[PDB]
Every structure is written in structure tokens, then in C-alpha cells.
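Breakdown of the fold
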Amino acid sequence: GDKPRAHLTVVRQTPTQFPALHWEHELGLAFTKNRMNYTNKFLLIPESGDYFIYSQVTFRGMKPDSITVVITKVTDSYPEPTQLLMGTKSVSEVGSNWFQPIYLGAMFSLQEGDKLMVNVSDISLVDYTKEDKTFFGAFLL
Amino acid sequence: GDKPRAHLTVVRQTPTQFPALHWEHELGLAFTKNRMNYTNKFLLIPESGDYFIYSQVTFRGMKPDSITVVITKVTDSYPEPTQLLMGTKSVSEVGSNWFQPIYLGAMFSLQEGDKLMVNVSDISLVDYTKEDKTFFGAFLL
Amino acid sequence: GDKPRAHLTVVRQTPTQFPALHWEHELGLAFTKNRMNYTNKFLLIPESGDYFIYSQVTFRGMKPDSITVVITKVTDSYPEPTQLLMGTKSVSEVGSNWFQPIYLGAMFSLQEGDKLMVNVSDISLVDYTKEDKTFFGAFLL
């Protein structure tokens, strides 16, 4: 019942290394509950356990040779972040107004206090227009 | 144990706006159980709760500039459907006998009585040949 | 709590029909637990129930007309394997050092003793370099 759960949705990114995305966490379809805390661009894990994690980033053109989404874990004890999931695609067509999604999801054993973020190769290529096209979520199984 | 669950699989579409797909719900790998009801092209949600939803649509050529899958919620109180998930891809190669899947899945808070459907940009491009290539499912977490 | 769960990660494939992949099951992010048994290239299902299954295979070039991932079930009673999930994509660009992921995941009713494997169209195109790019997992819901 009360398992930690969040579904986060894209917003226009404020200008700022694969940079980390920041998210909507309460409006429209986005939510956090049962001690899941969306804070400082991280999803903060409240309970040690196995979680299913997921993200889609829709990229659209307007130059890149490829586009990448990486979902990363930062742990308090470890200096280095751990890459959990990576979706990387070479981009074929020139121009353009191409567009395409990269979707990733898998199960990972996480510790209370772990922080999850989504990093992208190029923030300016991320389609931020709609909550249904770019999103990031996690739930305790 | 007895959580609402369905996995639905593609069938040849009967001719008929992003049109909605209709599905196999009992033969081969397809099923509905624990009060999940596949009715009138909708998955009907029997219990309020958080659900993981998912679909893949394999598109194949034989003209389009892009292909789109949208998973949509219709609620009794709301006039307008809500787009939960969208996978949209520009199509690069001309001709052709190209083919490619769009996969989407995420967690949403749903109300008893909600109805879920999958809409596509072009029904004629949907590969309906095999239950393992185009599918649509949901489970209460 | 103690539901069968595994997340398996890619390794360099030892040379050997869509051939089956073999996996890391204990180092880095990979694990098996609660009676899930990774044995002889199969995930062996210890308990009858509904499982969410998933895989991504990142393919990279260095000739193919297409790339395919299939997740397959072998049952003791049945002679023939059952294809549960298939992601197949035509490959457009010539050369090359193209790369791209195919991700698939869905829910299936499995019997104790069932064995799950991931088959690919071309083992030599599978990117085996990183545990976050090619992976295969399953959990009892």
C-alpha cells in the first residue's frame, strides 16, 4: 500500500558534464508519495529496497552525432555516481526537425538516502512541451 | 495477490482523430484478471490505485512524416481525455519496408471507473501480425 | 518482500537460430534473489505467478538490414519455445558506427520451472561494454 512512489514530468529547463534534468513533481500527472522526496533535482529514496526505475526523454532537433539519456544514482558513502541505465542513439538525419524518444526502465536495489537523477547529452534537444513525452519515475516493488 | 492485471495483444484492426486500437484479451499470451475488464476497446479500471501501464506498437511501412503512440485515460467526470504517455518518432527513410517499435510505460494514479486506450497516428502502419510485437498492459502496483 | 527478482547485465559474449545471450548475474548492478536462479543462460522461474519481464539490448554497427531482440519462454511440457516479446527495427544508415537500443518489457503469467532467455539477430552487433546499456530482468509482481 504505502510504498514510496513518484512519477515526475518534464518542464522547460532553466539554463545552466551530462547536465541533470529538473522536473515537475506535483502538477498534472506528476506526484510524489509515501516518503518519496523530490528535492534539488534528485529523487531521494526513503527506504532500502528494490525499486523499478524508468524515464523517457523525447529529443527533437534544433549538429548532434548522438543523443543519450542516463539514469544515475548518487550514494552518500560513494564519491562517484553510478550509472544504472543508459539509452544512447546515433542520430542519422541531417537538419532537422527530427524527433525521437529514448525510453529506459529496470529494477535496482537501492539504499535509504540514495538519490536518483536523469542526465542528458544535450539539454537544448529535450522536448519539454508536454508532460506525456518526457518523464521520470520510480516505485518500491 | 488479487490485483487487477491485464496484458493485451494486437489483432488485425477492423476498418473505421488518432484512432484507438482494439486488442486480443484472452487468446495466446493475452489475459485479464482480478476484475480488470477489457470492454469496447477500453481497459476498465476496477479499483482506485497506482497502476503501471505500458504499450509497444510496432509500426511498419506500406508517405508518413512521423508515427505516434498515445496512451489515453477517459474519466467519467471529465469531458476531455487525458494523454498519459506519448511516443512520437519522425520517420527518416523513404519508401519503404521500414519497421520500428515505439515502447512506453509509466506509473499513474487511476480512479475506479477510469478507461484506458491506446491511440495511433496511422492504423494502417501498425504491425498486427504477432502477439509479441504490439501489446498493451496494466497492473495495480 | 521475498518475491523472486533478478536484474542481469551484459558481458562479452563467448563465440557460438537467433542465438541466446548470456549474462552477468552477481557483479556490479546484477543480482538474483528470492529463489530466482540464473543457470545455463536461462532465468529459471521458481514460483508460478505473474512477472514483469524486461530487456534492453544496445546494438552498434561493425551489412544488417535489421536488428531484433526476442524474449523467449521455454516450458518443460512444451516442445516449442514461446516468443513473449519482440523488438525489431530496420537499420537505415549505411556504414557505420551507428548505435541504438531496443527496449521491451511486459507482464506474463509464468509457471514454476519456466525458463526465460533473450535472443538476438546478430550477437556481434550487441554492445557488451557497459552494464547500463544491455540488460535483462524479471520480478514477481
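Bear in mind the residue numbers are our own, running from 1 along each chain as written, so they may not match the entry, and residues with no coordinates are left out. Think of it this way: whatever chain is written first is A, whatever ligand is written first is 1, and the rest follow in order. As a convention, hydrogens and water are excluded, and side-chain values are obtained from all of the structure's heavy atoms.

Per the PDB entry, chain A carries the name TNF superfamily ligand TL1A and comes from Homo sapiens.

1. Topic: the relation of the copies chain C and chain B
Our working rule: All copies sit on top of one another after a least-squares fit of their C-alpha atoms. Contacts between residues were defined by any pair of non-hydrogen atoms, one from each residue, lying within 4.5 Å.
Note on the identical chains: chain C maps onto chain B by a rotation of 120 degrees and an axial translation of 0.0 Å, with an RMSD of 0.0 Å. Here the symmetry operator amounts to a three-fold rotation axis. The fraction of interface residues of chain C whose copies in chain B are also interface residues is only 9%, indicating that the copies meet through different surfaces.

2. Details of the relation of the copies chain A and chain B
Comparison of the two chain copies shows a relationship of rotation about an axis with a shift along it. Overlaying chain A with chain B gives an RMSD of 0.0 Å, the required rotation being 120 degrees about an axis along which the chain moves by 0.0 Å. Looking at chain A, a mere 10% of its interface residues are interface residues in chain B too, so the copies touch through different faces.

3. Quick look at the pattern of salt bridges
As a reminder of what qualifies: Just to be clear on terms, a salt bridge is a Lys or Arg side-chain nitrogen sitting within 4 Å of an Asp or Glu carboxyl oxygen. Buried, partly exposed and exposed residues are distinguished by accessible area as a fraction of the type maximum, computed with a 1.4 Å probe on protein chains only: under 20%, between the cut-offs, and over 50%, respectively. Strands here are runs of E lasting at least two residues and helices are runs of H or I lasting at least four, both read from the DSSP assignment and numbered beginning at the N terminus.
Taken as a whole and judged by the stated rule, the model has twelve salt bridges over all chains. Measuring nitrogen to oxygen at the nearest pair gives 2.7 Å for the salt bridge that ties A:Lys133 to A:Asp127. With respect to class, A:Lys133 is no different from A:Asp127; both count as buried. Where B:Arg35 meets B:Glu47, a salt bridge forms, and the shortest distance between an N and an O atom there is 2.4 Å. A residue pair is termed long-range when its members are at least 10 positions apart, and B:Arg35 in the loop between β3 (31-33) and β4 (37-39) and B:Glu47 in the loop between β5 (42-44) and β6 (49-60) qualify at twelve residues. When salt bridges that share partners are traced, they join A:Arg5, A:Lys33 and B:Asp50 into one network.

4. Examining the pairing of strand β1 (residues 5-10) of chain C
In regular strands, side chains alternate between the two faces of the sheet. Residue and element names in this part refer to chain C. Note the threshold: By this definition, two strands are paired if DSSP reports at least two bridges between them.
Buried residues dominate β1, accounting for six of its six residues. Pairing of β1 with strand β3 (residues 31-33), which is carried by three bridges, proceeds in the antiparallel orientation. Note that in β3 the partner of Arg-5 across the bridge is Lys-33. As paired elements, β1 and strand β11 (residues 135-140) share five bridges and run antiparallel to each other. Looking at β11, one finds that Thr-9 is bridged to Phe-135. With two bridges connecting them, β1 and strand β2 (residues 23-24) associate as antiparallel partners. Bridging from a neighbouring strand, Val-10 pairs with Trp-23 of β2.

5. Observations regarding the sheet that holds strand β10 (residues 115-120) of chain A
Residues and elements named next belong to chain A. Applicable threshold: Note on method: axes are straight lines fitted to C-alpha atoms, helices fitted across the in-contact stretch only, with angles between N-to-C directions ranging 0 to 180 degrees.
The strand order β4-β5-β10-β7-β8 describes an open sheet built from five strands, whose pairing is antiparallel. Among the strands making up the open sheet, the edge pair consists of β4 (37-39) and β8 (82-90). Direction aside, the axes of adjacent strands within the sheet are offset by 20 degrees on average. Direction of pairing for strand β7 (residues 66-74) relative to β8: antiparallel, over a ladder of eight bridges. Each bridged residue has a counterpart across the sheet, and for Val-69 the counterpart in β8 is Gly-87.

6. Let's talk about empty space enclosed by the protein
The line we're drawing: Buriedness of a pocket was judged along seven lines, with at least five required to meet protein on both sides within 12 Å; pockets are open sets of points on a 1 Å grid over the protein atoms alone, cavities are sets where a 1.4 Å probe fits but cannot get out, and lining residues have an atom within 4 Å of a point. Grid points are joined across faces, edges and corners, and a volume is the space filled by probe spheres set on the points. Here the term charged refers only to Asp, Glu, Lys and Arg, the term nonpolar to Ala, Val, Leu, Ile, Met, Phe, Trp, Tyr, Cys and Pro, and the term polar to all other amino acids, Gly among them.
Of the volumes computed, that of the largest cavity is approximately 310 Å³. Lining of the largest cavity is provided by 18 residues; of these, A:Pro101, A:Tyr103, B:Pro101, B:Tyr103 and C:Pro101 occupy positions nearest its centre. Only β9 (99-110) of chain A, β9 (99-110) of chain B together with β9 (99-110) of chain C provide two or more residues apiece to the lining of the largest cavity. For the lining of the largest cavity, a count of residues per class yields nine nonpolar, six polar and three charged. Considered as a void within the structure, the second largest cavity measures approximately 90 Å³ in volume. If you go around the second largest cavity, you meet 13 residues; those closest to its centre are A:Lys89, B:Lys89, B:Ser92, C:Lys89 and C:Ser92. Class assignment for the residues of the lining of the second largest cavity results in one nonpolar, six polar and six charged.

7. Description of the environment of C:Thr75
All names here are of chain C. Using the following cut-off: Pairs of N or O atoms are called polar contacts if they sit within 3.5 Å, as long as, within protein, a hydrogen donor faces a hydrogen acceptor (for residues adjacent in sequence, only side-chain-to-side-chain pairs).
Position of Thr-75 among the secondary structure elements: in the loop between β7 (66-74) and β8 (82-90). A relative accessible area of 18% means that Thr-75 is categorised as buried. Distance in space between the C-alpha atoms of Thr-75 and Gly-113 is 7.0 Å, their sequence separation being 38 residues. Separated by 3.5 Å, the side chains of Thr-75 and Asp-114 make a polar contact.

8. A word on the interface of chain A and chain B
Our working rule: Buried area adds together the accessible area that both of two parts lose upon being put together, with accessible area traced by a 1.4 Å probe.
Contacts between chain A and chain B engage 20 residues on the former and 22 residues on the latter. Approximately 1800 Å² of surface area, both sides summed, lies buried where chain A meets chain B, with 61% of it carried by carbon and sulfur atoms. Of all residues in chain A, A:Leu29, A:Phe99 and A:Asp132 bury the most surface against chain B, accounting for 31% of the area lost on that side. Linking chain A with chain B are two salt bridges. Linking B:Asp50 and A:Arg5 is a salt bridge whose minimum nitrogen-to-oxygen distance equals 2.8 Å.

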